[PDB]
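Think of it as A, B, C and D in the order they're written, each chain with its own count starting at 1.
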Amino acid sequence: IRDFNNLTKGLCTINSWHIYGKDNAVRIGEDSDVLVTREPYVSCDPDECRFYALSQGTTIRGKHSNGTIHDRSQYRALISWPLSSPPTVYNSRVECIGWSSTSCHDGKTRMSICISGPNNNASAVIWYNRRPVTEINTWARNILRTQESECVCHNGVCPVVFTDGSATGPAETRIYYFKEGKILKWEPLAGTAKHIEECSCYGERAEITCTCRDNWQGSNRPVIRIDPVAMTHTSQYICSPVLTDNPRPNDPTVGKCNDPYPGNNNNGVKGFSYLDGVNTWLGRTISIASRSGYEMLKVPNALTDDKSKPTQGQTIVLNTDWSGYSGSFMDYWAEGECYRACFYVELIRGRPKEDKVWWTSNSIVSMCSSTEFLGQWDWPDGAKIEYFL
Amino acid sequence: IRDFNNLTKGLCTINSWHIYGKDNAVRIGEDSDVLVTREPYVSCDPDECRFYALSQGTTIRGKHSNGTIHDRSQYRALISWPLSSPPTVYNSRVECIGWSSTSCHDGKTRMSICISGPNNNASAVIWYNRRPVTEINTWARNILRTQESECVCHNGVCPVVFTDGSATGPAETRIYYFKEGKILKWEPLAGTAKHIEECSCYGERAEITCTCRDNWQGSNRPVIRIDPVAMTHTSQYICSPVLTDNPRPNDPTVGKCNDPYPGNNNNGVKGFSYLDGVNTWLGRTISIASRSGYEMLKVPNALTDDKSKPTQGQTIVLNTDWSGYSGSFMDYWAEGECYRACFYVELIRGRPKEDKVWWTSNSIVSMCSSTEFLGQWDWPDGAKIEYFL
Amino acid sequence: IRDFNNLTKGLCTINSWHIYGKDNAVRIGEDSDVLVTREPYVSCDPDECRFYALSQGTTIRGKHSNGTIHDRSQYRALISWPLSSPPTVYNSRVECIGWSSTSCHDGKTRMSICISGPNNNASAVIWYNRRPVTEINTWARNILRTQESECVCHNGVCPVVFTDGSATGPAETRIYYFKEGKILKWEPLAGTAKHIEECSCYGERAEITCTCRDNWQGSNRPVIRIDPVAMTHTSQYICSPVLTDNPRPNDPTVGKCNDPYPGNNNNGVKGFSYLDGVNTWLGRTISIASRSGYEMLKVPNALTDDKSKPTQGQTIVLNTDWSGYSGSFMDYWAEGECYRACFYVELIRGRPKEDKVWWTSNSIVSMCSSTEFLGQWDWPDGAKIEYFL
Amino acid sequence: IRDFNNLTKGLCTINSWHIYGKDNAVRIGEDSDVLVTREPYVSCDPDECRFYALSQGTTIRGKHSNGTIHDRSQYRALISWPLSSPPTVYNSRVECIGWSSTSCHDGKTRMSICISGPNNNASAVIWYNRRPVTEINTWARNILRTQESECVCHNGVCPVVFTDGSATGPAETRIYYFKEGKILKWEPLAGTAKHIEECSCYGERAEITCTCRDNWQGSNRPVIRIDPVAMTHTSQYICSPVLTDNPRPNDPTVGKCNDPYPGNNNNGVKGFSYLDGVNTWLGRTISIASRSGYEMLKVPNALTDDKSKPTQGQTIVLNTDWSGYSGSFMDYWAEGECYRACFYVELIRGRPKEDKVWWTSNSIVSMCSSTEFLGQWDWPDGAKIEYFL
């Protein structure tokens, strides 16, 4: 009775952002059985949207929260839970086991991907309709890894971006095209992006756009544009001088379209953009040095205009509060003639910036676009670290 | 397969009130993971009735409960949970994010509205079928705010009363008429009510009646009567000398139909009435000074008779116990030829009246009408504050 | 699509009892959020059987557990929860509010009844399909009260036995016949039973048999047999000298069919029997003085034979362990040509017998009949009281 | 609308194993309400796979966890819970009561079997569609007991292996053939296996293969092959010199097909194999002395070749970590032309090996086969015992 979803609509006009979800997980977890997480995201099914993240297999107050600054262990899993509830022991659904993930619904059912293993011997398991269907072994033997936010599907084809290799030099990025959890095709990265991590993707009018993290040399963000019908892609960087990785140098007046904008090496943060002509909005941390603050900037033609500057903006998280990863999603099953852009921001608490506790976790805030020009508030995690001492 | 509900029935004859629900949330939350709340209510779908409230994004025993006397923060959300269970971390569904709300089912699906933001820049998000559909920016830049109990729908049209502006002088009240979460029309307040807050509404025979709080000058309650087909309304005050706001002066022998009954300024409490000729019942606190006690009084023709006094009553909460906000709802999908009036009372515990704890929360008690003349009990919150010290 | 259930089958031959359910609630609640309860029972829907009990509106470890020896408060409610799970804050469904209850499914949906109020002004609320439908005021102004185990329905007619009046003298017992939560008829108690409390009922071949507690004078149990088609009944006592109330005198060699067997006044315990000719089994405590131990005895023709003695038995709970109330239920929707008799035993822990704790609660054990002659085990609550100190 | 499942497919080619599930129960239970368990397994329905285990009727942190090294009590039950979640008080479903179990879905609904009682008087209760249908009394009066992992069905016939009698000498093993919870037939053990415990079974091409534990004399594993259409079986031992019980002597160069391989008496561990010609994989502990480590070895023709040695392998749990019972299951309702072999390993923590705590419990790890040659990781329980002190 269900058909595959097709990306038949364009983006709605984004004139501001409204609050969509917030879980207050760290506040609540100070005195309830909330799992330690990081790398969260949001993804919709045709009848529900849910929060997702990588659990660390312990509660925050639990003694096993000590050491959760670490990224890869056998105790991590992709979990999902109801929108704006916290990720608790009792309400979280485990989608698959591992320390890197993506997930998306194709209109009929959901594909989830988790990678696990030691650094030199990791493998992806691709689940479809809550069953494992395909496995992929590491090709470069160096932390096979993927998006950490939702993938996007079109007529059953769900492309996913993976990287295997160094985070501080050339690596081997591949785009896999899945259908019903099976590999139709894969391609090596093409175009002018020089390094790819942690792609944040969205779809509109039969094209999928991903904004990624050049961890090696670039403080501008690489962009991959995927045609899920032809199963081909292109890549470049956001041309705009409004630089959106972190850490980063100060904004110049002219950016770079086909190479990394230099100044900071071997670091970054997962982030996102919506690239739609004049209707283009970029997210970034406010700090150029650290994962603090978060703002959206309207930067008309950021993708293609190497001198484009902001014409409007919205503060999401004050620079006096911690942010983190951010990513895109949309409710492809909503009513109306256009898709409304959404995003989330991971609000990281604990280590390394707050080292009086022994753990690292996060909460989530999420916003979607409005055609109104709405007033802005800031949305901090809200927990008091001293309470955990 | 579902059609919009129509208000085709009149009210059942109210001869007494029977216990409908009670969650004992503060008792239970002394040793379980119960969220701090305030501004609760009850609302029915065609196949379930649920408790609703504004969470404070912390448990009661949690250290973040300190400071929850405050009304507006980024950590509040409209939550719902099963009838007479407590609002726990693990059983509460987040409907939307914000610090002021309303919600109602139209027979097909549910509309929920949450307002958030700083005082001078708040916005409403109107959700329908669990998706955001419309947003409304503040028009007076002073705590845009709404009912804090359920709205009512008729043939898909669900009117909602909002206020923006001062709580201690003239403000800008609007009635919005929504259908499928979209704005059909709005109107500014008309009639003789001089200030409107926190409307408590019910529907019968194609009319919606709301009893509100005149926070500015009136200790009688303003009333708005809305025709959801014509999308028009009128307003006045309850004429009766049985005054039902709090705090209030002592009852006179003659009330006021078209102006605030004076004596107390710049305060009030959310409350409700059922105004149905001889079948008219008013709720109020027992104390004229504080939110303590709660009683129902049968006051025939209270709406229109400026000398009407009680002919029957029922004590709901003794004056030696704390009460709080109260509001109306009905199960529009019940069997029978008439709609049975129901209400809830918020039983506030903690600050400011019980200041040995650092938190403010509440539990809920709820009653519905009977055509029998039933014996009465009183229904306290039941928690011992000393246990929380 | 569902029709009312009819009692078309006879009882299966009972040759022994097998374990059906057990919740270990007190053990588990020593370190999890388990509600304090008493007066439990079991009742089936067409697609699920559940545990039921009167909550006390606090967890066991909670400070509000102090005082829960008391029977009637505003903090009690009928709750249900999944078979053999414990009654927790997070998995318990509130069916109605009050301190006395019954509940049964008619094949289409469930009727639940809760009574609340002060001793001289109590009222029953009859819920059907999870909505209140009928209310009944106290008729004798002295703790209106009902079965504390499931009722039984036949072609939509669900009789329920109520008592109002003294527990230590003549009282006013009524049988109400409900359909879809509405009163079709009621009758005063007739026959030779002189006092009725806490009836435990089952149905077979279009008749409902209830075994009750004569709290006033009788240590034999009164029996009410109800024809739910004619809506009439009879009553007498179990004739057998195998006395089954508690406390009680020692067993004589000849019982009494039409009067209380004397020796103990003004006390008792809820209990049950299956009265089916040679296929007759009685439950009782092992102790004649206290609620300790529990055994089933096959006593052919106990109902009608005033010299009938046991021919077989099964120990359920050793006399060195606490028991409590017990009652009957069956899964009227099971497969097969006959109905299998089941029962539960309430295993009371805490006050008054274990007074080093300040609370009273219980767990549940439940058995059903087998046509095999199965080996027996004993089934204690299993908690160590010292752990709660 | 559902038909009985038939075993129409063969096994997929097993070239390695991928992570399927892991619950981290002991880590998480250090600070959440996780039930103490042992003897876990996994079993699929047509629309969900779940974890199963025998609860001990207490949480790990609870004071009643003291003494849970013991195997048989009245506080045990078969529980199930969602895949890779932990077995918590609030998310666990009780399937039946007892201290030995099996369970399987026949394509229409699920059969579950639990045994309880004292050692000399135990009985099995066979539940079907969540109702008790058949009971079986002990035949040898010495701990009637069964598989502790899933059974397998074919056209409605679900064979189950039981043992009653000594664990240290000849015993009375029976194969029962159930359909809709009713006994069609049973047979005594035939063939050359000399003692049978704790069979781990799987089905393919209309045959069911079970690998068991010879607790008496054998360090090779007995195998029972059952034809569920003819309702007949055969038995022998795995011929291979790759010995897979524990404890065990060192591997010889030639095994035994029709007798126990000697060297260790009166002990063992539940384990499993997939016996499919060249596509044969055996699981075993790494240690020959204790339940530590776990590895899979590809041993072509292990069943029939008494000199067969490994040609490939995969380490699942390092020898420096505790393992435990292991068993087979498959998702018979997955897509594709073949059934993918899966297994679980019980990771036992606490007593007797870690005796600074007073409890014994476990977590679960589970893997399924891949046709890829995937890299390997090890999968420890992950809890730090010192945290529980």
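To be clear about the criterion, a contact is a pair of C-beta atoms (placed from the backbone, for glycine too) under 8 Å apart; a residue touches a chain by one contact, two chains touch by 3 or more.
By chain, UniProt protein names: A, B, C, D = Neuraminidase.
One inter-chain figure worth recording: chain A (Neuraminidase) and chain C (Neuraminidase) are separated by 57 Å, centre to centre, where each centre is the mean of the chain's CA atoms. Chain A (Neuraminidase) and chain B (Neuraminidase) have centres, each the mean of its CA atoms, that are 40 Å apart.
Each of the following residues of chain C (Neuraminidase) touches two or more other chains: 33, 90. A ring topology is adopted by the chain contact network, closed into one cycle in which each chain touches exactly two others.
Applying the touch definition to every pair of chains gives A-B, A-D, B-C, C-D. Chain contact summary for the complex, chain A (Neuraminidase) toward chain D (Neuraminidase): residues 33, 35, 57-59, 61-64, 73-75, 77, 89-90, 92-94, 97-98, 114, 116-118, 120-123, 125, 129-133, 135-138, 180.
Residues 18-22, 24, 27-28, 30-34, 48-49, 82-86, 88, 90-91, 331, 334-335, 340, 368, 370, 372-380, 382-384, 387 of chain C (Neuraminidase) are the ones that touch chain D (Neuraminidase) when the two sit in their complex.
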